[PDB]
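Worksheet: one structure, shown below.
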Amino acid sequence: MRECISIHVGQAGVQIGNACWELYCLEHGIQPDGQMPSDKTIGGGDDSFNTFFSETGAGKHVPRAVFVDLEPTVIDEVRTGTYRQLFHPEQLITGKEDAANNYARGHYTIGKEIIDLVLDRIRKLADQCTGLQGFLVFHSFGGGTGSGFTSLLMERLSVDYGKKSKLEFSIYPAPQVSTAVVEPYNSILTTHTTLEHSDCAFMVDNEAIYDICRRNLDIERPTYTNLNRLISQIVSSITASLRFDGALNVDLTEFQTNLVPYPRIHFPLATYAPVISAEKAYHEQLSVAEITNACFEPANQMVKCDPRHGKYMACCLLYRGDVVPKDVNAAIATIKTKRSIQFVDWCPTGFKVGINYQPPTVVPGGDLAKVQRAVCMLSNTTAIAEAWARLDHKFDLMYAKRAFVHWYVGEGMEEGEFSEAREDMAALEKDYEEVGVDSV
Amino acid sequence: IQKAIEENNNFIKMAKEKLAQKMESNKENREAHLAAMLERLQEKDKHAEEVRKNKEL
Amino acid sequence: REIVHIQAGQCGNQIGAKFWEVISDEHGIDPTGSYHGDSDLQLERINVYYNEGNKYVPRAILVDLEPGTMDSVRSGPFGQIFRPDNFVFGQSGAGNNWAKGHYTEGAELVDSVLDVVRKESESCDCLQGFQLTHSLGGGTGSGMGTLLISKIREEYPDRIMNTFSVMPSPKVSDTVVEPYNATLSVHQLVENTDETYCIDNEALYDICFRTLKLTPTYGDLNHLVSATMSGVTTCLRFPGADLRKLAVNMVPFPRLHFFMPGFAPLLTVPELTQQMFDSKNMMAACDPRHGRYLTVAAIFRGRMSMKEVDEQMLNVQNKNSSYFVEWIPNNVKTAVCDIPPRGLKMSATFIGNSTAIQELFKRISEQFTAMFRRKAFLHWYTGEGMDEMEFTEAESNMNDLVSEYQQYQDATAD
Ligand SMILES: Nc1nc2c(ncn2[C@@H]2O[C@H](COP(=O)(O)OP(=O)(O)OP(=O)(O)O)[C@@H](O)[C@H]2O)c(=O)[nH]1
Ligand SMILES: CCC[C@@H](NC(=O)[C@]1(C)CSC(/C(C)=N/O)=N1)c1cc(OCC2CC2)cc(=O)o1
Ligand SMILES: Nc1nc2c(ncn2[C@@H]2O[C@H](COP(=O)(O)OP(=O)(O)O)[C@@H](O)[C@H]2O)c(=O)[nH]1
Ligand SMILES: [Ca+2]
Ligand SMILES: [Mg+2]
Ligand SMILES: [Mg+2]
């Protein structure tokens, strides 16, 4: 009951899906062959971890996941990887030719050749669910598959599954490790098309995850493996309430009620702490107050922006590990007197708290230190619109000269789709301004 | 409750329709662009056959 | 992800031959086709250029209207590794006449060439596209080369087409009608190729004479071209982006797809980067500081601090911001390959879509109008069935190409 189906699209979505499912297996004591000795109910069960894992008669715990990419090289590594026995071959779908960082190719030319197959495979997983709750879609904004095919899939899922919840984990482009100059085009196009089909989207700025690995883990030039193992911790903290039980456990859907005041204002800012190397965690245990204070340090945000220059509409704290309410309430009291937490005048100023008692896990051989407690803050702040403004400005620079637009027109798109998408982003930027103004 | 049913079915309906128009306009535009390309390459062949015919004259 | 290679004309076949010698060595391939390398990285991307009795045969096609140049390929080094059926040659020759290559002596043979293309392409799991080596100053490489591109685009309209085009220079002039063959072939490349890398002989000659201090043979000029072509294809041939993804990010406007190559050294990362961006290391006779970069792609080879490469490429951009258009953010892409070239501990190759390339088209247009103003040597063309309008059309199209490069050189963000 209350099953969740994860969909991983394009390189970024797939490689992040690898990190997440490896981490889930470690958190639940699931072996690379899918065996879970601690699970005494063979063939099924309604345990909390069954929201993400189905069970076979042979005792294999199979992720409720689908990996999709328009070229095979990234998903081949999953087929021959450490967790090859974890996934049924039909959950790994591949084409032959990628989208070439072209939204049009991912949404139309190439994507329309595999979309029916992808939906058929998603349908098979949903038929195994006694009470499907919703989908989790992992993708990049910049890739042609991450942007184009994801938009097509989200549109098709709305048709085949009504208003069943769909959550996004979206990789916001960082020029540094980016290989696409047309990344702004693909970002605006996919955001516009998915906006009405997504209920909640967690953006992850690669540049923010990049700086956290350079500053906090002392990695000179982080790799995707470095970024994805940190991103998986955030995803784990967000999904932990669905995979684990607990008295003080607060379901993600309950946070979502507070995080989304209007359908289009569904982009929460995520902040995570602690991110510490082993060398620094040695003989230094970070308390509840320390990791909580770190949530309000902008250097720990998943998206580059300044909440201190914006207004809050919601503040959620997702703790996991050795944490009790007494300490949390004490730490929040301190922060309420030392920080500039300005709320809009039409929303209460309370902080919503959840505590999962299962401690955090780390991938063996990784750079992240194993800590006893951690926290993820989900806040709805107007400051996240800064990420839209930076991306919309780059869009405008290139589109004024119609740079690269012929690649999109050649695949069948029209200039009207560009202007239409850019106007939608303009309205979204205006929407975030309107919610911040005081009432009359 | 029937109003909630109606709005969900209308959201499904509009999505299916708007997507159908998108995938048709794109199919028509791409086929036209690719038809013009092959048509220009046909005029090069027509011009080439007229070059070889102007030589033997 | 296979690529189909094509060599056409005297220049095209000698440049292509050198190219296969260089990459064959890098992948541990001997002149007979066997693999005797020490690294598995040499074979991970081997299928991009080679087909598999536990042998590796270049996916190449040699074309020429005379057997002279191609016969020297079979006897030369690595001459037997090629597939004998992929040799397609005539006899009458082209006589350094574009009309003969594009209409007469070339159109008769073009069909048999396409047959070899179809056979090679049907053996591809997923064909990326094609690359052509040829010159624009001759007759076969220019005339028949442009023809073959138009004919391949008919059967493979959705495949990427690249060309390594050698531009004519009076400093190495083999003929006087070269300004005609170049302006006529440029008229074609503007319409039927996705990326064209302008290998200017004037630049190769000035690099051999001034820098290398060779008071220069075609073998010296080609030693530069083989190093340039090896660096360009590095990202394709070693693990660590397909032809379409590359073209999508390097070509902001369809007609402006002519690039300036660069190589260094002709040693630290700062020194290597500064030399690579110097006008003296450009394989095209154009000064980039007389225009602006629309896009740039650079590849570093060798064991070198990647963190240092990132900082040095951000440094050059910041200190030379005026030579990069502001309306294309993040238009410089860089890669690093752990495997160095041969004989170098670390090198760097770069390709730029710069508005300064108009200087190259201004030089070819001046040599063209100087002859077309008096109708010199026009009988070699009208005698094959051409008219004067076709010459003026090619002139007007290449003049418009210069105007467009200037339009975007002057464009501003505000
Ligand atoms: N965090 C993170 N970002 C990634 C990863 N892989 C790619 N990206 C980002 O994704 C963007 C490029 O899109 P990709 O996902 O690589 O491309 P794609 O979705 O497979 O689509 P196409 O390759 O064009 O068909 C860039 O901004 C990259 O920085 C990854 O493993 N982790
Ligand atoms: C000096 C580097 C040149 C190389 N480019 C690269 O190695 C990197 C760094 C990898 S990523 C990338 C881009 C465009 N990202 O967005 N540039 C390259 C190769 C290429 O093959 C052409 C075929 C005929 C032989 C096409 C191209 O256009 O750039
Ligand atoms: N770099 C270089 N350029 C060449 C070579 N051979 C010919 N060229 C140039 O190509 C032009 C002549 O074209 P060519 O290919 O020889 O005529 P074709 O036999 O009809 O294809 C002249 O401008 C030469 O400078 C060569 O080996 N190397
Ligand atoms: Ca069970
Ligand atoms: Mg991809
Ligand atoms: Mg010659």
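The figures here come from the full heavy-atom set of this structure, side chains too, leaving out hydrogens, waters and symmetry mates. Both counts, for ligands and for their atoms, begin at 1 and track the order of listing. Letters go in sequence order (proteins before strands), and every chain restarts at 1.
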Do you know which two heavy atoms are closest between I199(C) and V225(C), and how far apart they sit?
CG2-CG2, 3.6 Å
For the residue pair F361(C) and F258(C), categorise the inter-ring angle as parallel (less than 30°), tilted (30 to 60°) or perpendicular (more than 60°).
perpendicular
I'd like to know whether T133(C) forms a side-chain contact (heavy atoms from CB on, under 4.5 Å) with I6(C), so could you lay out the CA-CA distance, the side-chain angles of the two residues, the decisive distance to 0.1 Å, and finally the verdict.
CA-CA 6 Å; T133(C) 50; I6(C) 298 181; over 6 Å; no
Spatial distance of atom SG (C235(C)) from atom CD1 (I299(C)) [nearest 0.5 Å]:
6.0 Å
Do any nitrogen or oxygen atoms of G137(C) lie less than 3.5 angstrom from nitrogen or oxygen atoms of ligand 3?
no
Report, in ascending order of atom number, the atoms of ligand 2 lying under 4.0 Å from any heavy atom of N249(C).
16 (O)
Give me the residue, atom name and distance of the protein heavy atom closest to atom 16 (O) of ligand 2.
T179(A) O, 2.7 Å
What part of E178(C) sits under 4.0 Å from ligand 3 if we count only heavy atoms: the side chain, the backbone, both or neither?
side chain
Around atom NE2 of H223(C), are there more than 12 heavy atoms from other residues, nucleotides or ligands closer than 6.0 Å?
no
For atom 8 (N) of ligand 3, the closest protein heavy atom turns out to be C11(C) CB, 3.7 Å
What distance separates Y408(A) OH from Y103(A) OH, expressed to the nearest 0.5 Å?
10.5 Å
Quick test: of every protein heavy atom, which one is nearest to atom 21 (O) of ligand 2, and how far off is it to 0.1 Å?
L236(C) CD1, 3.4 Å
Any N/O of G9(C) closer than 3.5 Å to an N/O of ligand 3?
no
Please say which of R237(C), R59(C), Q131(C) ends up in a side chain to side chain donor-acceptor pair (under 3.5 Å) with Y49(C).
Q131(C)
With a cut-off of 6.0 Å (strictly less than), are more than 12 heavy atoms of other residues, nucleotides or ligands near CZ of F377(C)?
no
Should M398(A) and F404(A) be marked as a side-chain contact (heavy atoms from CB on, under 4.5 Å) after you check the CA-CA gap, both sets of side-chain angles, and the distance that decides it?
CA-CA 8 Å; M398(A) 296 193 295; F404(A) 305 97; 4.2 Å; yes
Without swapping roles, check the side chain of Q317(C) against the backbone of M313(C) for a donor-acceptor pair under 3.5 Å.
yes
Judged by heavy atoms only, the candidate from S142(C), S135(C), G141(C) nearest atom 11 (C) of ligand 3 is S135(C)
Under 2.8 Å from the Mg ion (ligand 6) - protein N/O/S, by chain and number:
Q10(C) OE1
What distance do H257(C) atom NE2 and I357(C) atom CD1 have between them, rounded to the nearest 0.5 Å?
11.5 Å
Which label fits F350(C) and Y293(C): parallel for a plane angle under 30°, tilted from 30 to 60°, or perpendicular past 60°?
perpendicular
Measure the distance from atom 25 (C) of ligand 2 to every protein heavy atom, then report the residue, atom name and distance (to 0.1 Å) of the closest one.
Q131(C) OE1, 3.2 Å
Can you sort out which atoms of ligand 2 are near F164(C), meaning under 4.0 Å from one of its heavy atoms?
24 (C), 25 (C)
Distance under 4.0 Å to a non-hydrogen atom of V172(C): what atoms of ligand 3 satisfy this?
25 (O)
Check whether any side-chain heavy atom of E66(C) sits under 4.5 Å from a side-chain heavy atom of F89(C), and report yes or no.
no
Among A298(C), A297(C), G352(C), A241(C), which one puts a heavy atom closest to atom 5 (N) of ligand 2?
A297(C)
Min over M250(C), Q128(C), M229(C), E195(C) of heavy-atom distance to atom 27 (C) of ligand 2 lands on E195(C)
How far is atom 26 (C) of ligand 2 from the closest protein heavy atom, and which atom is that?
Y197(C) OH, 3.0 Å
Any side-chain donor-acceptor pair under 3.5 Å between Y180(C) and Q367(C)?
no
Can you give me the closest heavy-atom contact between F141(A) and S147(A), atom names plus distance?
O-CB, 3.3 Å
Under a 4.0 Å heavy-atom limit, does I15(C) contact ligand 3 with its side chain, its backbone, both, or neither?
side chain
Residue, atom name and distance, where the atom is the protein heavy atom closest to atom 23 (C) of ligand 2:
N162(C) ND2, 3.4 Å
Have a look at ligand 3 and work out which part of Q14(C), if any, has a heavy atom under 4.0 Å from it: side chain, backbone, both or neither.
side chain
Per-atom contacts, ligand 3 versus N96(C) - under 4.0 Å to a heavy atom:
17 (O)
Does any N or O of ligand 2 fall below 3.5 Å from an N or O anywhere on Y49(C), backbone included?
no
Looking only at protein heavy atoms, which one is nearest to atom 25 (O) of ligand 3, and how far off is it?
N201(C) ND2, 2.9 Å
Take atom CD in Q274(C); do more than 12 heavy atoms of anything else shown fall under 6.0 Å from it?
no
For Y218(C), atoms of ligand 3 separated by under 4.0 Å from a heavy atom
2 (C), 3 (N), 4 (C), 5 (C), 6 (N), 8 (N), 24 (C), 25 (O), 26 (C), 27 (O), 28 (N)
Looking only at distances, please establish whether an N/O atom of ligand 3 is found under 3.5 Å from an N/O atom of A94(C).
no
Does the residue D174(C) have a heavy-atom contact with ligand 3, meaning some pair of atoms that are separated by less than 4.0 Å?
yes
side-chain contact (heavy atoms from CB on, under 4.5 Å), that's the test. Do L236(C) and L246(C) meet it? Break it down for me.
CA-CA 10 Å; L236(C) 299 163; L246(C) 294 173; 4.2 Å; yes
Among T349(C), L246(C), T334(C), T133(C), which one puts a heavy atom closest to atom 12 (C) of ligand 2?
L246(C)
Any atoms of ligand 3 less than 4.0 Å from a non-hydrogen atom of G139(C)? List them with their elements.
17 (O), 18 (P), 20 (O)
Of all protein heavy atoms, the one nearest atom 7 (O) of ligand 2 is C235(C) SG, 3.0 Å
Counting only heavy atoms from other residues, nucleotides and ligands, does the tally under 6.0 Å from CE of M346(C) exceed 12?
yes
Could you pull out, from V232(C), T196(C), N101(A), the option with a heavy atom nearest to atom 4 (C) of ligand 2?
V232(C)
Counting heavy atoms only, which of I351(C), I160(C), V248(C) is nearest atom 3 (C) of ligand 2?
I351(C)
Looking at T233(C), which atoms of ligand 2 are within less than 4.0 Å of one of its heavy atoms?
25 (C)
Given that the side chain starts at C-beta and the backbone is N, CA, C, O, which of these parts of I199(C) lies under 4.0 Å from ligand 3, counting heavy atoms, or is it both or neither?
neither
Is it true that atom NZ of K171(C) has more than 12 heavy atoms of other residues, nucleotides or ligands lying nearer than 6.0 Å?
yes
Could you pull out the closest heavy-atom pair between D200(C) and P168(C), with the gap in Å?
OD1-O, 4.3 Å
In this structure, CD of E97(A) is separated from CD of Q128(C) (nearest 0.5 Å) by 8.5 Å
shortest atom 8 (C) of ligand 2-to-protein heavy-atom contact is with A335(C) CB, 4.3 Å
Considering both backbone and side-chain atoms of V166(C), is one of its nitrogen or oxygen atoms within less than 3.5 Å of a nitrogen or oxygen in ligand 3?
no
Measure the NE2-NE2 distance between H102(C) and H187(C) for me, rounded to the nearest 0.5 Å.
9.0 Å
